[PDB]
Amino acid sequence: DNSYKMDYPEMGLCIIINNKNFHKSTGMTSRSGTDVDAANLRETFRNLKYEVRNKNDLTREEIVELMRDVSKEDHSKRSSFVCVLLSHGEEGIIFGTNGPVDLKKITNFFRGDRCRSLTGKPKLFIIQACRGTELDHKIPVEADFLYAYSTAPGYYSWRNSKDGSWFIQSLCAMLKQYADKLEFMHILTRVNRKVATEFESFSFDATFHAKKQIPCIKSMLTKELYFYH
C-alpha cells in the first residue's frame, strides 16, 4: 500500500562511479579521499544486499554508455536501483574524467517509460559533487526518483582528503545505524543534521575557512522506502 515492495528476489544494483583522476587538459584537480568514500559505500550497500559494481575514472563517454547499458538490463527481479556519483560537478552536471555530463542525460535512461523493468520502483541517485561555487505509463515518467545531493543548489560540496566527503561518510554511518529501523527519508534527514552540525571547514585561505554544508534531499518518490522487509 504505502511502502515500496522491497522483497523481490534481489534488492537491485548499486552502481558506484568513483572519479578521482582527471585528464590533465580539463584542469580538474585529483579528488583525494574519494577512494575512502567508494570503499565505505561498497561495504554499506553490500550489507543492504545490493549487487554493488564499482567503476573508477570513467570518461564522460564511458559514464553515458555504462548508464545506458545498465538501464537496458532486465531488472524484473530487482526491488530498486541505486547509482552513486562521486566527482567534480556544477549545477545539473557531473564530470567524467575528460569533461562534463548532464545529470538529466544519466537519469533519463531510467524514466518510467524508458526502463520498464524499473517502472514503479525506487530509483536513487546519490551525488557527491559541487553544485556551484557558493559557500555555507499511467504514472509520470519522472515519478519514483530520489536525488540525495551532498549539498544545496548552487553550493560547493566538501571532501576531506583523509576522511572522505562529509556527506558520504555521514550517509554511510546513518545507513549502518538506521537502515534496519527507519524509513529512507528519515535516514537522510539524520544525514542532513549530521553534516550540518558535525562538520566545518578548516583552511589557511580565509575565503574557504570556517564554512558549513547542508545536503539536499530531492524526492519524487510515491511511497515510503524501507531497506528491510
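Numbering starts at 1 and runs along the sequence shown.
Per the record, residue 136 and residue 137 are separated by a gap of 10 or more residues from the deposited sequence that were not modelled. 20-28 and 213-221 differ in mean CA B-factor, and the higher of the two is recorded for 20-28.
The question of which stretch, 103-111 or 118-126, has the higher mean Cα B factor is settled in favour of 103-111.
Note on the listed residues 192, 203, 177, 47: the highest Cα temperature factor in the record is that of 177. In this entry, the residue among 185, 196, 171, 64 with the greatest C-alpha B factor is 64. In the PDB entry, a CA B factor belonging to the highest third of its chain's modelled residues is recorded for residue 72.
Per the deposited record, the Cα B-factor of residue 144 falls in the lowest third when ranked against the other modelled residues of its chain. Per the deposited record, the Cα B-factor of residue 97 falls in the middle third when ranked against the other modelled residues of its chain.
In the PDB entry, a CA B factor belonging to the lowest third of its chain's modelled residues is recorded for residue 53.
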